[PDB]
$ cat start_33.pdb   # PDB, N, CA and C atoms
MODEL        1
ATOM      1  N   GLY A   1       0.848  -1.199   0.000  1.00  0.00           N
ATOM      2  CA  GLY A   1       0.000   0.000   0.000  1.00  0.00           C
ATOM      3  C   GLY A   1       0.873   1.235   0.000  1.00  0.00           C
ATOM      4  N   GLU A   2       0.695   2.143  -0.958  1.00  0.00           N
ATOM      5  CA  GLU A   2       1.554   3.320  -1.080  1.00  0.00           C
ATOM      6  C   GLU A   2       1.296   4.296   0.055  1.00  0.00           C
ATOM      7  N   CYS A   3       0.018   4.427   0.405  1.00  0.00           N
ATOM      8  CA  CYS A   3      -0.430   5.347   1.417  1.00  0.00           C
ATOM      9  C   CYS A   3      -0.115   4.743   2.781  1.00  0.00           C
ATOM     10  N   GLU A   4      -0.317   3.428   2.931  1.00  0.00           N
ATOM     11  CA  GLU A   4       0.116   2.668   4.095  1.00  0.00           C
ATOM     12  C   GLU A   4       1.630   2.794   4.314  1.00  0.00           C
ATOM     13  N   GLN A   5       2.467   2.708   3.272  1.00  0.00           N
ATOM     14  CA  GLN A   5       3.922   2.853   3.404  1.00  0.00           C
ATOM     15  C   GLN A   5       4.252   4.212   4.021  1.00  0.00           C
ATOM     16  N   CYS A   6       3.645   5.271   3.481  1.00  0.00           N
ATOM     17  CA  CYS A   6       3.842   6.633   3.950  1.00  0.00           C
ATOM     18  C   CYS A   6       3.417   6.765   5.420  1.00  0.00           C
ATOM     19  N   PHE A   7       2.311   6.119   5.792  1.00  0.00           N
ATOM     20  CA  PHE A   7       1.827   6.065   7.161  1.00  0.00           C
ATOM     21  C   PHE A   7       2.844   5.389   8.079  1.00  0.00           C
ATOM     22  N   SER A   8       3.365   4.222   7.695  1.00  0.00           N
ATOM     23  CA  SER A   8       4.378   3.527   8.477  1.00  0.00           C
ATOM     24  C   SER A   8       5.622   4.406   8.639  1.00  0.00           C
ATOM     25  N   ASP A   9       5.997   5.189   7.621  1.00  0.00           N
ATOM     26  CA  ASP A   9       7.091   6.164   7.661  1.00  0.00           C
ATOM     27  C   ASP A   9       6.689   7.472   8.371  1.00  0.00           C
ATOM     28  N   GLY A  10       5.884   7.350   9.426  1.00  0.00           N
ATOM     29  CA  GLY A  10       5.501   8.405  10.344  1.00  0.00           C
ATOM     30  C   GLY A  10       4.613   9.485   9.738  1.00  0.00           C
ATOM     31  N   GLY A  11       4.196   9.371   8.474  1.00  0.00           N
ATOM     32  CA  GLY A  11       3.468  10.434   7.812  1.00  0.00           C
ATOM     33  C   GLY A  11       2.011  10.470   8.261  1.00  0.00           C
ATOM     34  N   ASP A  12       1.430  11.672   8.358  1.00  0.00           N
ATOM     35  CA  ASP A  12       0.007  11.863   8.677  1.00  0.00           C
ATOM     36  C   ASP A  12      -0.740  12.189   7.383  1.00  0.00           C
ATOM     37  N   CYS A  13      -0.933  13.475   7.065  1.00  0.00           N
ATOM     38  CA  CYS A  13      -1.821  13.930   6.009  1.00  0.00           C
ATOM     39  C   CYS A  13      -1.038  14.835   5.072  1.00  0.00           C
ATOM     40  N   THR A  14      -0.585  15.993   5.558  1.00  0.00           N
ATOM     41  CA  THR A  14       0.197  16.939   4.774  1.00  0.00           C
ATOM     42  C   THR A  14       1.471  16.255   4.274  1.00  0.00           C
ATOM     43  N   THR A  15       2.209  15.622   5.187  1.00  0.00           N
ATOM     44  CA  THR A  15       3.526  15.056   4.930  1.00  0.00           C
ATOM     45  C   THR A  15       3.435  13.680   4.250  1.00  0.00           C
ATOM     46  N   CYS A  16       2.455  13.509   3.371  1.00  0.00           N
ATOM     47  CA  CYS A  16       2.226  12.398   2.466  1.00  0.00           C
ATOM     48  C   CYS A  16       1.528  13.006   1.262  1.00  0.00           C
ATOM     49  N   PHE A  17       0.426  13.755   1.429  1.00  0.00           N
ATOM     50  CA  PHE A  17      -0.281  14.421   0.331  1.00  0.00           C
ATOM     51  C   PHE A  17       0.643  15.226  -0.586  1.00  0.00           C
ATOM     52  N   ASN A  18       1.612  15.957  -0.012  1.00  0.00           N
ATOM     53  CA  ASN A  18       2.686  16.632  -0.750  1.00  0.00           C
ATOM     54  C   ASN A  18       2.133  17.587  -1.812  1.00  0.00           C
ATOM     55  N   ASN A  19       0.994  18.199  -1.514  1.00  0.00           N
ATOM     56  CA  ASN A  19       0.154  18.916  -2.455  1.00  0.00           C
ATOM     57  C   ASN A  19      -0.118  18.199  -3.781  1.00  0.00           C
ATOM     58  N   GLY A  20      -0.774  17.041  -3.690  1.00  0.00           N
ATOM     59  CA  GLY A  20      -1.521  16.449  -4.792  1.00  0.00           C
ATOM     60  C   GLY A  20      -0.706  15.506  -5.673  1.00  0.00           C
ATOM     61  N   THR A  21       0.548  15.244  -5.306  1.00  0.00           N
ATOM     62  CA  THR A  21       1.454  14.336  -6.009  1.00  0.00           C
ATOM     63  C   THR A  21       1.847  13.124  -5.141  1.00  0.00           C
ATOM     64  N   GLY A  22       1.411  13.096  -3.879  1.00  0.00           N
ATOM     65  CA  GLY A  22       1.755  12.079  -2.899  1.00  0.00           C
ATOM     66  C   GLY A  22       1.095  10.718  -3.125  1.00  0.00           C
ATOM     67  N   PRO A  23       1.281   9.769  -2.188  1.00  0.00           N
ATOM     68  CA  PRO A  23       0.706   8.437  -2.286  1.00  0.00           C
ATOM     69  C   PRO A  23      -0.805   8.496  -2.037  1.00  0.00           C
ATOM     70  N   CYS A  24      -1.228   8.860  -0.820  1.00  0.00           N
ATOM     71  CA  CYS A  24      -2.596   9.289  -0.570  1.00  0.00           C
ATOM     72  C   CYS A  24      -2.746  10.694  -1.145  1.00  0.00           C
ATOM     73  N   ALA A  25      -2.897  10.796  -2.466  1.00  0.00           N
ATOM     74  CA  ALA A  25      -3.229  12.038  -3.148  1.00  0.00           C
ATOM     75  C   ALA A  25      -4.516  11.894  -3.942  1.00  0.00           C
ATOM     76  N   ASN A  26      -4.625  10.884  -4.809  1.00  0.00           N
ATOM     77  CA  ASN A  26      -5.903  10.628  -5.468  1.00  0.00           C
ATOM     78  C   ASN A  26      -6.978  10.235  -4.450  1.00  0.00           C
ATOM     79  N   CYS A  27      -6.590   9.652  -3.304  1.00  0.00           N
ATOM     80  CA  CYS A  27      -7.497   9.365  -2.196  1.00  0.00           C
ATOM     81  C   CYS A  27      -8.113  10.631  -1.578  1.00  0.00           C
ATOM     82  N   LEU A  28      -7.887  11.847  -2.095  1.00  0.00           N
ATOM     83  CA  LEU A  28      -8.278  13.089  -1.433  1.00  0.00           C
ATOM     84  C   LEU A  28      -9.347  13.810  -2.232  1.00  0.00           C
ATOM     85  N   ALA A  29      -9.033  14.132  -3.486  1.00  0.00           N
ATOM     86  CA  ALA A  29      -9.944  14.830  -4.371  1.00  0.00           C
ATOM     87  C   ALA A  29     -11.047  13.856  -4.774  1.00  0.00           C
ATOM     88  N   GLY A  30     -10.717  12.920  -5.660  1.00  0.00           N
ATOM     89  CA  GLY A  30     -11.639  11.914  -6.127  1.00  0.00           C
ATOM     90  C   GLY A  30     -11.685  10.759  -5.151  1.00  0.00           C
ATOM     91  N   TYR A  31     -12.260  10.945  -3.960  1.00  0.00           N
ATOM     92  CA  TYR A  31     -12.225   9.910  -2.936  1.00  0.00           C
ATOM     93  C   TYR A  31     -13.608   9.393  -2.501  1.00  0.00           C
ATOM     94  N   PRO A  32     -14.503   9.015  -3.427  1.00  0.00           N
ATOM     95  CA  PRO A  32     -15.832   8.578  -3.037  1.00  0.00           C
ATOM     96  C   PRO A  32     -15.751   7.138  -2.520  1.00  0.00           C
ATOM     97  N   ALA A  33     -14.847   6.354  -3.112  1.00  0.00           N
ATOM     98  CA  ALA A  33     -14.562   4.965  -2.799  1.00  0.00           C
ATOM     99  C   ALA A  33     -13.409   4.828  -1.799  1.00  0.00           C
ATOM    100  N   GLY A  34     -12.832   5.932  -1.313  1.00  0.00           N
ATOM    101  CA  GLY A  34     -11.582   5.871  -0.564  1.00  0.00           C
ATOM    102  C   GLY A  34     -11.745   5.248   0.819  1.00  0.00           C
ATOM    103  N   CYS A  35     -12.942   5.313   1.402  1.00  0.00           N
ATOM    104  CA  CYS A  35     -13.271   4.743   2.706  1.00  0.00           C
ATOM    105  C   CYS A  35     -13.545   3.236   2.595  1.00  0.00           C
ATOM    106  N   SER A  36     -14.232   2.815   1.528  1.00  0.00           N
ATOM    107  CA  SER A  36     -14.510   1.417   1.204  1.00  0.00           C
ATOM    108  C   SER A  36     -13.279   0.681   0.663  1.00  0.00           C
ATOM    109  N   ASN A  37     -12.190   1.430   0.506  1.00  0.00           N
ATOM    110  CA  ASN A  37     -10.870   0.957   0.105  1.00  0.00           C
ATOM    111  C   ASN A  37     -10.196   0.287   1.308  1.00  0.00           C
ATOM    112  N   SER A  38      -8.906  -0.050   1.234  1.00  0.00           N
ATOM    113  CA  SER A  38      -8.090  -0.193   2.438  1.00  0.00           C
ATOM    114  C   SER A  38      -6.878   0.739   2.431  1.00  0.00           C
ATOM    115  N   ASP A  39      -6.094   0.822   1.348  1.00  0.00           N
ATOM    116  CA  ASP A  39      -4.800   1.534   1.345  1.00  0.00           C
ATOM    117  C   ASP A  39      -4.979   3.021   1.669  1.00  0.00           C
ATOM    118  N   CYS A  40      -6.058   3.622   1.165  1.00  0.00           N
ATOM    119  CA  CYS A  40      -6.426   5.008   1.436  1.00  0.00           C
ATOM    120  C   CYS A  40      -7.022   5.149   2.833  1.00  0.00           C
ATOM    121  N   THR A  41      -7.706   4.119   3.295  1.00  0.00           N
ATOM    122  CA  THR A  41      -8.779   4.229   4.251  1.00  0.00           C
ATOM    123  C   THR A  41      -8.306   4.707   5.604  1.00  0.00           C
ATOM    124  N   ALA A  42      -7.200   4.169   6.126  1.00  0.00           N
ATOM    125  CA  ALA A  42      -6.801   4.525   7.486  1.00  0.00           C
ATOM    126  C   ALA A  42      -6.407   5.998   7.527  1.00  0.00           C
ATOM    127  N   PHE A  43      -5.633   6.423   6.523  1.00  0.00           N
ATOM    128  CA  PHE A  43      -5.319   7.819   6.279  1.00  0.00           C
ATOM    129  C   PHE A  43      -6.614   8.627   6.294  1.00  0.00           C
ATOM    130  N   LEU A  44      -7.615   8.298   5.466  1.00  0.00           N
ATOM    131  CA  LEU A  44      -8.816   9.116   5.406  1.00  0.00           C
ATOM    132  C   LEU A  44      -9.597   9.107   6.722  1.00  0.00           C
ATOM    133  N   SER A  45      -9.626   7.979   7.429  1.00  0.00           N
ATOM    134  CA  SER A  45     -10.205   7.813   8.761  1.00  0.00           C
ATOM    135  C   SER A  45      -9.657   8.885   9.710  1.00  0.00           C
ATOM    136  N   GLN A  46      -8.347   9.144   9.675  1.00  0.00           N
ATOM    137  CA  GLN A  46      -7.767  10.327  10.289  1.00  0.00           C
ATOM    138  C   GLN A  46      -8.214  11.569   9.489  1.00  0.00           C
ATOM    139  N   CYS A  47      -7.580  11.840   8.342  1.00  0.00           N
ATOM    140  CA  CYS A  47      -7.517  13.124   7.643  1.00  0.00           C
ATOM    141  C   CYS A  47      -8.861  13.724   7.207  1.00  0.00           C
ATOM    142  N   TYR A  48      -9.933  12.933   7.140  1.00  0.00           N
ATOM    143  CA  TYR A  48     -11.282  13.346   6.750  1.00  0.00           C
ATOM    144  C   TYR A  48     -12.360  12.881   7.725  1.00  0.00           C
ATOM    145  N   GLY A  49     -12.067  11.870   8.550  1.00  0.00           N
ATOM    146  CA  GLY A  49     -13.054  11.146   9.338  1.00  0.00           C
ATOM    147  C   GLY A  49     -13.327   9.748   8.792  1.00  0.00           C
ATOM    148  N   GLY A  50     -12.952   9.484   7.538  1.00  0.00           N
ATOM    149  CA  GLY A  50     -13.204   8.217   6.871  1.00  0.00           C
ATOM    150  C   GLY A  50     -14.676   8.128   6.529  1.00  0.00           C
ATOM    151  N   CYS A  51     -15.124   9.048   5.672  1.00  0.00           N
ATOM    152  CA  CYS A  51     -16.521   9.255   5.329  1.00  0.00           C
ATOM    153  C   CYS A  51     -17.349   9.396   6.609  1.00  0.00           C
TER     154      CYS A  51
ENDMDL
END

$ encode --input "start_33.pdb" --output "structure tokens"
Amino acid sequence: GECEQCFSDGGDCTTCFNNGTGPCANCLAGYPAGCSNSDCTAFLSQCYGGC
């Protein structure tokens, strides 16, 4: 998981999103399925509430 990797490397939200080029980046704008996902999901559970 790209977003999971960033999470394991101590990253939260900003310090992974990297303004729209990061691992959890598509999980932000176009994220209707991001909660029903897994790789995006824990990040979004923090950074948005996880739907």

$ residues_around --input "start_33.pdb" --residues "range 23-32 of chain A" --least-positions-apart "6" --cutoff "6 Å" --atoms "only N, CA and C atoms" --output "PDB file with N, CA and C atoms, keeping the file's coordinate frame"
ATOM      1  N   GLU A   2       0.695   2.143  -0.958  1.00  0.00           N
ATOM      2  CA  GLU A   2       1.554   3.320  -1.080  1.00  0.00           C
ATOM      3  C   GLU A   2       1.296   4.296   0.055  1.00  0.00           C
ATOM      4  N   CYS A   3       0.018   4.427   0.405  1.00  0.00           N
ATOM      5  CA  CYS A   3      -0.430   5.347   1.417  1.00  0.00           C
ATOM      6  C   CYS A   3      -0.115   4.743   2.781  1.00  0.00           C
ATOM      7  N   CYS A  16       2.455  13.509   3.371  1.00  0.00           N
ATOM      8  CA  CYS A  16       2.226  12.398   2.466  1.00  0.00           C
ATOM      9  C   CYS A  16       1.528  13.006   1.262  1.00  0.00           C
ATOM     10  N   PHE A  17       0.426  13.755   1.429  1.00  0.00           N
ATOM     11  CA  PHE A  17      -0.281  14.421   0.331  1.00  0.00           C
ATOM     12  C   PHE A  17       0.643  15.226  -0.586  1.00  0.00           C
ATOM     13  N   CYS A  40      -6.058   3.622   1.165  1.00  0.00           N
ATOM     14  CA  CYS A  40      -6.426   5.008   1.436  1.00  0.00           C
ATOM     15  C   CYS A  40      -7.022   5.149   2.833  1.00  0.00           C
TER      16      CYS A  40
END

$ atom_distance --input "start_33.pdb" --atom1 "CA of residue 33 in chain A" --atom2 "CA of residue 10 in chain A"
24.2 Å

$ atom_distance --input "start_33.pdb" --atom1 "CA of residue 39 in chain A" --atom2 "CA of residue 8 in chain A"
11.8 Å

$ residues_around --input "start_33.pdb" --residues "residue 50 in chain A" --least-positions-apart "6" --cutoff "7 Å" --atoms "all atoms listed in the file" --output "PyMOL selection string"
chain A and resi 34-35+41+43-44

$ select_by_dssp --input "start_33.pdb" --residues "chain A" --states "helix (DSSP H, G or I)" --output "ChimeraX atom specification"
/A:2-8,14-17,41-47

$ atom_distance --input "start_33.pdb" --atom1 "atom C of residue 13 in chain A" --atom2 "atom C of residue 46 in chain A"
9.0 Å

$ axis_aligned_box --input "start_33.pdb" --around "range 20-37 of chain A" --padding-each-side "3 Å" --output "AutoDock Vina command-line options"
--center_x -7.0 --center_y 8.7 --center_z -1.7 --size_x 23.7 --size_y 22.8 --size_z 14.8

$ build_atoms --input "start_33.pdb" --residues "range 5-21 of chain A" --atoms "N, CA, C and O atoms" --output "PDB file, in the coordinates of the input"
ATOM      1  N   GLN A   5       2.467   2.708   3.272  1.00  0.00           N
ATOM      2  CA  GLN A   5       3.922   2.853   3.404  1.00  0.00           C
ATOM      3  C   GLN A   5       4.252   4.212   4.021  1.00  0.00           C
ATOM      4  O   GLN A   5       5.034   4.289   4.969  1.00  0.00           O
ATOM      5  N   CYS A   6       3.645   5.271   3.481  1.00  0.00           N
ATOM      6  CA  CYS A   6       3.842   6.633   3.950  1.00  0.00           C
ATOM      7  C   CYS A   6       3.417   6.765   5.420  1.00  0.00           C
ATOM      8  O   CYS A   6       4.102   7.405   6.216  1.00  0.00           O
ATOM      9  N   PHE A   7       2.311   6.119   5.792  1.00  0.00           N
ATOM     10  CA  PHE A   7       1.827   6.065   7.161  1.00  0.00           C
ATOM     11  C   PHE A   7       2.844   5.389   8.079  1.00  0.00           C
ATOM     12  O   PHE A   7       3.163   5.936   9.136  1.00  0.00           O
ATOM     13  N   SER A   8       3.365   4.222   7.695  1.00  0.00           N
ATOM     14  CA  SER A   8       4.378   3.527   8.477  1.00  0.00           C
ATOM     15  C   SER A   8       5.622   4.406   8.639  1.00  0.00           C
ATOM     16  O   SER A   8       6.175   4.465   9.738  1.00  0.00           O
ATOM     17  N   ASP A   9       5.997   5.189   7.621  1.00  0.00           N
ATOM     18  CA  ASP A   9       7.091   6.164   7.661  1.00  0.00           C
ATOM     19  C   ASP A   9       6.689   7.472   8.371  1.00  0.00           C
ATOM     20  O   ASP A   9       7.138   8.571   8.033  1.00  0.00           O
ATOM     21  N   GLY A  10       5.884   7.350   9.426  1.00  0.00           N
ATOM     22  CA  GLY A  10       5.501   8.405  10.344  1.00  0.00           C
ATOM     23  C   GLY A  10       4.613   9.485   9.738  1.00  0.00           C
ATOM     24  O   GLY A  10       4.317  10.460  10.435  1.00  0.00           O
ATOM     25  N   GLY A  11       4.196   9.371   8.474  1.00  0.00           N
ATOM     26  CA  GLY A  11       3.468  10.434   7.812  1.00  0.00           C
ATOM     27  C   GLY A  11       2.011  10.470   8.261  1.00  0.00           C
ATOM     28  O   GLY A  11       1.406   9.413   8.471  1.00  0.00           O
ATOM     29  N   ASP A  12       1.430  11.672   8.358  1.00  0.00           N
ATOM     30  CA  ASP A  12       0.007  11.863   8.677  1.00  0.00           C
ATOM     31  C   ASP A  12      -0.740  12.189   7.383  1.00  0.00           C
ATOM     32  O   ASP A  12      -1.103  11.276   6.649  1.00  0.00           O
ATOM     33  N   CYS A  13      -0.933  13.475   7.065  1.00  0.00           N
ATOM     34  CA  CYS A  13      -1.821  13.930   6.009  1.00  0.00           C
ATOM     35  C   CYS A  13      -1.038  14.835   5.072  1.00  0.00           C
ATOM     36  O   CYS A  13      -0.812  14.468   3.920  1.00  0.00           O
ATOM     37  N   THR A  14      -0.585  15.993   5.558  1.00  0.00           N
ATOM     38  CA  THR A  14       0.197  16.939   4.774  1.00  0.00           C
ATOM     39  C   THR A  14       1.471  16.255   4.274  1.00  0.00           C
ATOM     40  O   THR A  14       1.751  16.234   3.076  1.00  0.00           O
ATOM     41  N   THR A  15       2.209  15.622   5.187  1.00  0.00           N
ATOM     42  CA  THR A  15       3.526  15.056   4.930  1.00  0.00           C
ATOM     43  C   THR A  15       3.435  13.680   4.250  1.00  0.00           C
ATOM     44  O   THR A  15       4.293  12.827   4.461  1.00  0.00           O
ATOM     45  N   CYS A  16       2.455  13.509   3.371  1.00  0.00           N
ATOM     46  CA  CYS A  16       2.226  12.398   2.466  1.00  0.00           C
ATOM     47  C   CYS A  16       1.528  13.006   1.262  1.00  0.00           C
ATOM     48  O   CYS A  16       2.093  12.896   0.183  1.00  0.00           O
ATOM     49  N   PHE A  17       0.426  13.755   1.429  1.00  0.00           N
ATOM     50  CA  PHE A  17      -0.281  14.421   0.331  1.00  0.00           C
ATOM     51  C   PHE A  17       0.643  15.226  -0.586  1.00  0.00           C
ATOM     52  O   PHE A  17       0.483  15.157  -1.809  1.00  0.00           O
ATOM     53  N   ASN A  18       1.612  15.957  -0.012  1.00  0.00           N
ATOM     54  CA  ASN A  18       2.686  16.632  -0.750  1.00  0.00           C
ATOM     55  C   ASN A  18       2.133  17.587  -1.812  1.00  0.00           C
ATOM     56  O   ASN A  18       2.699  17.763  -2.893  1.00  0.00           O
ATOM     57  N   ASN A  19       0.994  18.199  -1.514  1.00  0.00           N
ATOM     58  CA  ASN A  19       0.154  18.916  -2.455  1.00  0.00           C
ATOM     59  C   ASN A  19      -0.118  18.199  -3.781  1.00  0.00           C
ATOM     60  O   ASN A  19       0.284  18.656  -4.854  1.00  0.00           O
ATOM     61  N   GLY A  20      -0.774  17.041  -3.690  1.00  0.00           N
ATOM     62  CA  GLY A  20      -1.521  16.449  -4.792  1.00  0.00           C
ATOM     63  C   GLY A  20      -0.706  15.506  -5.673  1.00  0.00           C
ATOM     64  O   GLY A  20      -1.247  14.948  -6.630  1.00  0.00           O
ATOM     65  N   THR A  21       0.548  15.244  -5.306  1.00  0.00           N
ATOM     66  CA  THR A  21       1.454  14.336  -6.009  1.00  0.00           C
ATOM     67  C   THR A  21       1.847  13.124  -5.141  1.00  0.00           C
ATOM     68  O   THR A  21       2.530  12.218  -5.610  1.00  0.00           O
TER      69      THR A  21
END
